[PDB]
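Student: Partial complex follows, first chain(s) only, in situ:
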Amino acid sequence: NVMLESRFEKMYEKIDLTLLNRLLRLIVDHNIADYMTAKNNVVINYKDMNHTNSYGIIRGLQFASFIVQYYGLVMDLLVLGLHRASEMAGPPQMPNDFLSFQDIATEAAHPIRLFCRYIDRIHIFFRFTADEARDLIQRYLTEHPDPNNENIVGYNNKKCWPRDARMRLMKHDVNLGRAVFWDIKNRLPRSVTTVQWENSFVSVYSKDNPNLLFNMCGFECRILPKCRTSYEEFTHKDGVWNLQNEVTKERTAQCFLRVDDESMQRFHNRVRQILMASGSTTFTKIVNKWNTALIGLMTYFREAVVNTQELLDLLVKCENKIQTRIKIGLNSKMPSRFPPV
Amino acid sequence: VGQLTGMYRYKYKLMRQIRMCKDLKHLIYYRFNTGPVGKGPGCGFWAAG
Amino acid sequence: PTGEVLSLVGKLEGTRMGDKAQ
Amino acid sequence: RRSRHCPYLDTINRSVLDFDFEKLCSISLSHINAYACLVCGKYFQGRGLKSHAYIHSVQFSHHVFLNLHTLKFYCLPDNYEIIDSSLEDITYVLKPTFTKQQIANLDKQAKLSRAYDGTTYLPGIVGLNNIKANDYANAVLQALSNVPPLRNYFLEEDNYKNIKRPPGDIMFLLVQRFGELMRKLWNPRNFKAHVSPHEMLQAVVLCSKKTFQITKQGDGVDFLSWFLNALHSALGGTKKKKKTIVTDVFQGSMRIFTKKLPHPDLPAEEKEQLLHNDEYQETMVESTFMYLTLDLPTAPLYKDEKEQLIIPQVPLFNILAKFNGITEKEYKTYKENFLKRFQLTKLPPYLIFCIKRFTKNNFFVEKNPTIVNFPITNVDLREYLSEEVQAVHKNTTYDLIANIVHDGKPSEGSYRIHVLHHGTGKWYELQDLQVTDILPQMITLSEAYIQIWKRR
């Protein structure tokens, strides 16, 4: 089972206005499409600098999101293909759920079994039979031979997990990941969009790899099925999602959550810009900004915090920085036994 | 020297010497107060410090 | 007594996150 | 006599037969008695009982093998020689030997040669397979392979064989493998449409002492200079010859008038007396060059009044305003400035122009994107020669035959090459594997970096 998480590198900056206008006229009135595409072509100004935006879209437009959600949809038809997209979406009179199929045969009739595009980050889950995986590997190696076994060099991995819990860069598994990524990249024309290997992660689960890794919506997720490498189905650990099979109603897998490094860095930078822009500012405003940021992070993750042991240190360090800022505001000389009241 | 003078307050790197002078003591005292001689304020091997 | 916010990595890990919530 | 009646001739698959790899055993790593299994294309220790080739023959059921050095075929399970006419092509793939009749007929060829895979290709215009993103070396090697006299010299082994070598001179390894790659490029019966320079890149890395590595991509000008200087040393006995194949083809003679500019913060009377002191006067110094380095004008740094963001361009003759007595170039040094006006003396039969890009400013390295405006058909350098040598050189017209172009910022950029087919007169560009037919007019609208010109 191979999962490819990636993102269209510069979709916003590469949406051709004429093609976008045609695609919008496909779905909306030509007057509305012309208005939207003309609104996307205006003079961008900043201080003394100004130019005209004639290639990309302007994301500050109120309807721009719609455009993105439309343009990315087209990319899905380029990735999934019309047949698989129709299988996923179901019949037009009986639309399917988010992750469901009308029949089991439709589910098992294509390598691509799960897909979610989000805004620009596509997560795809393929299930490959040994013959299909071997055929894809040979097809990829036909035009990309690797006598030196160099496919392991640039293969991205989720370093936040230990070596055993990480993805294991075995030769066959790495070859399959590269083959899957190359197959996906070949579908999308290089001009309408593109997928970059460095800014993407492919994780495969096989006999060699027991853990299925990915990252979505700031969550570093790892599924370890109970069948193979679950010594104990512990429930006390509250940062672990306990996946269940809806048919057997039995314990089958186990999901470990973790806060992504990018989310931690974003929170740290938010606290930094709270602190550094706090010279002639009231203590109440600084504490309110800190509280808002902290409650946003903690109520967004709510489980990935406990497993991310680095996030706890980051949070307490940021709290100490805020309290030190307040104390320095009160008096230049730092206190020795300042109270928490 | 740290207890007698307290010169580490004006130079923290000097602590490196101080921690060494205690360390040497542990090297010497436990070689000194080994036999019938026990712990006490009698050791006078002051060359190291 | 210092008032410094100490990290709870390994501290207060016995309790769940559902405690003291209604 | 069981030879000449082998039943395994149908077993050979010429598609997987790639001889561009190193001739070392895949098991014992031994370069001696290298034997390639024609059924699978993998080299082995050698023919013989209890040998790796014999083991592979009795394991994979692969019977026909080709000796890499002796160029002879054997059946290993029985170990007897094989003689067949239809095998000759395979040998001609491994060791393409060109006769003197065929060598001179390569510049008059206008037939699209057929490979084993059906991908028709022109000899000489063959894509060099990128190994580890070192397309600068591929471009330079293609440009030098396009040179007719250098090719004809390197197509025949005895031209550069039986020359005395110093005992510790590995320089030969650079020139004996350049000929192999060049005869692989101009072979009109290749099994594969492309050619892998992986064998020569090893010699390039070893001879250069870890610089110009396969993984990294160095400057084309620097690599070209080093390669031309090393080939000159690699040819001849223990002492280098004045007239090698590189001197008579690429090297010309240029004269330099180096005048020392006085420091500006000096009295006028003191300035003129220093000029009179012979310390700050011109000193004619002759020299020889493998290529002419052409400085480009600085970028406009501003938008134009009417057409904002206009690409900067300069005519070639303005760039070639160098190398004459009229013009001067104030070369600045941290010690003092100098006035060095040049003057060409002897124009080489093949003139290489290296346009100065990737200039290191005070803080980083930036490429000058100025577009060179040059003709591709007819020029004249009679105005760029001194009157004394103008009579000696009756020919001053050069035709562009090869062009290097760098696309992208100096941090990471690709090296494309446009080569003029001498036989047909058409222009073909080849970026590694990719080969396309660019119109000759569209050649000059590129950020040229290295060019090769033929005086005919």
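Tutor: Nice, thanks for sending it over. Numbers count the residues shown, from 1 in each chain, chains lettered A, B, ... in the order given.

Student: Up against chain C, what does the stretch 101-250 of chain A have?
Tutor: Neighbours of chain C within the stretch 101-250 of chain A, by Cβ under 8 Å from any Cβ of the partner chain: A:236, A:238. C-beta here means a position set from N, CA and C on the backbone, and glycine is covered the same way.

Student: can you pull the contacts of the residue of the stretch 101-250 of chain A found nearest chain C?
Tutor: Distances between the stretch 101-250 of chain A and chain C by Cβ to the nearest Cβ are smallest at residue A:238, namely 4.9 Å. Applying Cβ atoms under 8 Å, 6 or more residues apart in numbering or on different chains to residue A:238 gives the contacts A:303, A:306, C:16-18.

Student: Can you classify it as helix, strand or coil?
Tutor: coil (DSSP: H, G, I helix; E, B strand; the rest coil).

Student: which SS state does residue A:215 fall under?
Tutor: Once three-state DSSP is applied, residue A:215 turns out strand.

Student: Disregarding residues adjacent in the polypeptide, which is nearest to it?
Tutor: In space, and not counting its chain neighbours, residue A:215 is closest to residue A:260: 5.4 Å by Cβ to Cβ, 6 or more residues apart in numbering or on different chains.

Student: from memory the one you found sits against residue A:219, does it?
Tutor: Yes: Residue A:260 lies in contact with residue A:219 (Cβ atoms under 8 Å); the separation is 6.7 Å.

Student: ok, which stretches of the chain are helices?
Tutor: Because you didn't say which chain, this covers chain A. A:17-27, A:30-39, A:64-79, A:81-89, A:104-107, A:130-143, A:171-187, A:226-229, A:261-276, A:283-301, A:304-307, A:309-330 (DSSP state H).

Student: let's do chain D instead
Tutor: D:52-60, D:88-94, D:100-104, D:135-145, D:148-155, D:171-185, D:198-208, D:220-234, D:268-276, D:316-319, D:387-390.

Student: ok, now chain E:
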Amino acid sequence: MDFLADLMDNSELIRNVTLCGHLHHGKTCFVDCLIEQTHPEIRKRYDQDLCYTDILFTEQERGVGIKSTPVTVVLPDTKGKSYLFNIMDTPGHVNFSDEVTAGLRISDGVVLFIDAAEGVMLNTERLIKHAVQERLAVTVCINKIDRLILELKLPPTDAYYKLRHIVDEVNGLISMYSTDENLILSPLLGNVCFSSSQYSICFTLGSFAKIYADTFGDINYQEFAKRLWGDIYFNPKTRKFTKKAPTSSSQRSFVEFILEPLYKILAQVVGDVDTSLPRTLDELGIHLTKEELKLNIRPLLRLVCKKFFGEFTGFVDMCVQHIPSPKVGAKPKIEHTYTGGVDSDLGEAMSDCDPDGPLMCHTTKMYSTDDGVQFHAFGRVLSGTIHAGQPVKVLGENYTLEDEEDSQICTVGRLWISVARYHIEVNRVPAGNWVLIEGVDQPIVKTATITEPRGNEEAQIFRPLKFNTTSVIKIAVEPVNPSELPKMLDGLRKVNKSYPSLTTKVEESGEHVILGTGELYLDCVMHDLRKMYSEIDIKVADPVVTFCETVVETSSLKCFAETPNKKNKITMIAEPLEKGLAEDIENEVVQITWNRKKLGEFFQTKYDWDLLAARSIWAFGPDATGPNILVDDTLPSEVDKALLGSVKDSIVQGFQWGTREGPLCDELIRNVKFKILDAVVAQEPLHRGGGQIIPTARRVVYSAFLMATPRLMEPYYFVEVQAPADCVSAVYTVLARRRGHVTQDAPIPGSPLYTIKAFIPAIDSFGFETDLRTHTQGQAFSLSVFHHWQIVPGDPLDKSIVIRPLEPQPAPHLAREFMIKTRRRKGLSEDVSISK
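Tutor: So, slotting chain E in with the rest:
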């Protein structure tokens, strides 16, 4: 300088000797003493040793000899006959025993260095046995005599007793390997020399008698030396040597005349510098300046022993008398080394060591340069001369007269006579000498023969180098950056050229495994690979040992395999071999090339095999001397013997290949006897082709071996440790911890140290040396050498056994685990496919 070059023409005035001995016994220091004697400007520092031959950076840091070093120098004799000596200073470490053999093949004589205090050790016994195998002359030098005086403080009678015990033990060791009685040793015979290279002492009985005759005159130093050892006493009442003690406490002749003056001079120098040293130096005729008496005890002792003893003429006369010159010593060397034998015309010509004969070199070493990109071959010239800048024909280990494929013509560049630190360039090197040949490195891998081209076409190769011990330690080596994979391979090639016993092999999965003898050997190999040859980052896997495969029971059912032609059927059974028979094959006690009538008689006598059944032996596997035997047992009336003999060769190759590649974990097969019970060969000549029989022969071998009860065999190292008597229990504890059992614990006679001899698993010997030295706080030291293959406990085919990663499995779980992981390391399948 020029006399050295002009001395090479005379083959009678040349001695090719190799200085071999146990680790740290003074060979390098002895060569340093010889160099200082020959070179006036080369003197050791007072504190640091000289270590002239220790030219590698590793040697000057590890303190252990790594590689053999050639030293070509002119040494005066006792009479003053300046002989030319080619000394091969070989490493004393057992792991580098192969490095000795490279220098042992091109040497006509062996100088066994023995420490006086330690005595005979492991590597000493191994080296005397091996040298006797190559039929080399053996002379013994007891180095570090001062350790009996300045360390043990033994009485002179007890020092003589220790020396006599040392000499008599080597005599009892050579008798176990040499049938010739001339290999006996005795200092009065000139075989045994005494020395202390730290203080520049070097005397035999003849040399010390010569010193006596120079001091007093009118003395026959030969006759005097004839009575300077053994139970012979001196009576001054008659001034005569008597076999009976003249008095009650009459000391022996050696004690009274040799050991007594040495004891007294050392005692005066180390205890009485200020009081009695000038007086005893005037008595001895030694004059030391006022500044030379200001030196510390050790430099002063070395200087005073240099003055009193002078040149190392005792070593020279011992080597000259008891080590044959190349002219006279060529015939046994040619017989034991040349493949064509002495009966061949080329062999007969080479037996005369003619400098004007056809060129025939024998390269055994390959020395790298400063930059490491060029290698210089090193070998002995046996016939003719080699000239600089001359085209020659370089053969190979696989070259045969029928196959000119392995021979490449190369031009010999500059030639050097190599003496340790420096090399003197020469034009020609006559026969019987040692030469550094430049320009012939490319065709040479390990060992080659250099001859002339376009002439002497009937020139075979010398025998491939035969090593004392098998290399079983295996380490997988990859590049950190796969982009730099070729360089590692290049570097691999270089180490393969630089280490005679190194074996670099690429596996099915793509792992490049290096074979070495021990931890220090492989450590040096990787240092050379990383620092001078590859110059790239390298990843090294955990060390592992090679395994073999054997059987313990007869195959339950007759195993049949039929060719894809469906016309040839082979039915075979597998039986284990008797105890010691596999060792007899390995030791070349019996060869398949023996006459068939007596070949069967060997098995009928020592093993009582049936004469007809023993005569049915086909061949040994997987090599000519491999420990696996293939025996025919087909019913004569059921299989046509003449027709069966047609495919006999193909079955032999199939057997050899199948035994070389085992079915269990793709490893060697040992101690198995395959009996061919039924053959059905297609009557048509073209339907019994080798390409079908050989794979079928391998398949039937695999099936029979699997049906017979498979077992894994692991190497067991023989470890001797020298430790203080208190540390014996600690050694016992460490060995018991590492699955090793002690076979003996004997005190060293003449020293408080005890030598403990034990057997340890090779895979359990990693860090055993470090564990022993650290636990005993450095007092105990161990040297480990491969001894014998032993069946690892447990059933290797037990599928029910579950293996836990990162846990040392119990004993019954070893044999299974040792298979599976090995298979995973080879890229093979998860389990043994019996149906295949």
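
Student: who's in contact with the closest residue to residue E:272 other than its chain neighbours?
Tutor: Closest residue in space to residue E:272, ignoring its immediate chain neighbours: residue E:280 at 7.9 Å, by Cβ to Cβ, 6+ apart. Applying Cβ under 8 Å, 6+ apart to residue E:280 gives the contacts E:264-265, E:268, E:272.

Student: let's see it at 10 Å
Tutor: By Cβ atoms under 10 Å, 6 or more residues apart in numbering or on different chains, residue E:280 lies in contact with E:264-265, E:267-269, E:272, E:286, E:304.

Student: And these, which two are furthest apart?
Tutor: With Cβ to Cβ as the measure, no two of those lie farther apart than E:267 and E:286, at 15.2 Å.

Student: and the gap between whichever residue of chain B sits closest to chain A and residue A:222?
Tutor: Relative to chain A, the nearest point of chain B is residue B:9 (15.6 Å; Cβ to the nearest Cβ). For residue B:9, the distance to residue A:222 equals 51 Å [Cβ to Cβ, to the nearest Å].

Student: Next: residue E:220.
Tutor: 93 Å.

Student: So for the two, which residue has more residues nearby?
Tutor: Neighbours per residue (other Cβ atoms under 10 Å in any protein chain shown) separate residue E:220 from residue A:222, with residue A:222 holding more: 23 against 10.

Student: Up against chain A, what does chain E have?
Tutor: E:478-479, E:481-486, E:509-510, E:805-806, E:827, E:830 (Cβ under 10 Å from any Cβ of the partner chain).

Student: include chain F too:
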Amino acid sequence: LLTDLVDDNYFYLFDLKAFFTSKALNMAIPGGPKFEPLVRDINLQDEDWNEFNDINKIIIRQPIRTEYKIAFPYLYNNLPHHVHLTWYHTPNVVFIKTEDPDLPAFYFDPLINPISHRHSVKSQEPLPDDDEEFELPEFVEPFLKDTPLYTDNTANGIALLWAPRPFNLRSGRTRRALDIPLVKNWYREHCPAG
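Tutor: One more chain to add, chain F, which I have set with the ones above:
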């Protein structure tokens, strides 16, 4: 103030070169010091589960200790940079110091295992016909017969050879009181047990 160590075999992996190796390799000998890593390389410290370093292919018998990676640094760990090779093994200096002055300097101490010259095999060597042909001149005597075998200073002179650095010298250069670390060898050796 001096430990009665005869050779530096005591400092097997406890010497300066071993500590340099441990500092360069970021590990530490048990009795040795601990250092900040020479190069951080935290990303490369935790490498991925390659097929080469695959633990499923690794046979574990005795764990590779820090000492093993120091005894043979180029064999047991990857990237051995700025590493030092330690002296392998100085020969065991078997020095037996006298315990009583009233005993000959050259004495067969009971610490030596008895040589026990065996007579099971009658040692046969070529020795000429006794006391019939060779006779020494009257002026010929052993080289130093007047000189005694040992003086009173012989035992002390021999024991001075196997002495610490300042006490094995006959002369030398005068040092400063500052430049003489009296307890330098106390912590250079292993810490006393208990």
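
Student: since we added chain F, can you redo the contacts of residue A:238?
Tutor: Residues near residue A:238 by Cβ under 10 Å, 6+ apart: A:302-303, A:306-307, C:13, C:15-19.

Student: do the same with residue E:741
Tutor: E:732, E:735, E:758-760.

Student: Just those: which are in helices?
Tutor: Per DSSP H, the subset of the contacts of residue E:741 in helices is E:732, E:735.

Student: Run a quick neighbour tally on residue A:3.
Tutor: 24.

Student: er, residue E:810 actually
Tutor: Neighbour count of residue E:810, defined by other Cβ under 10 Å: 11.

Student: quick one: residue E:228 and residue E:257 touch, right?
Tutor: Yes: using Cβ atoms under 10 Å, residue E:228 is in contact with residue E:257, at 6.1 Å.

Student: shared neighbours of the two, anything?
Tutor: With Cβ under 10 Å, 6+ apart as the test, residue E:228 and residue E:257 both reach E:205, E:208-209, E:212, E:234.

Student: Give the full set of residues in contact with the residue of chain F found nearest chain C.
Tutor: Using Cβ to the nearest Cβ, the closest approach of chain F to chain C is made by residue F:42 at 18.3 Å. Going by Cβ under 10 Å, 6+ apart, residue F:42 touches residue A:159.

Student: re earlier: by neighbour count, which of the shared contacts of residue E:228 and residue E:257 wins?
Tutor: Neighbour tally across the shared contacts of residue E:228 and residue E:257 (other Cβ under 10 Å): the maximum, 29 neighbours, falls on residue E:205.

Student: quick one, what contacts it?
Tutor: If you count contacts by Cβ under 10 Å, 6+ apart, residue E:205 has them with E:186-190, E:192-194, E:221-222, E:224-229, E:253-254, E:257-258, E:314, E:318.
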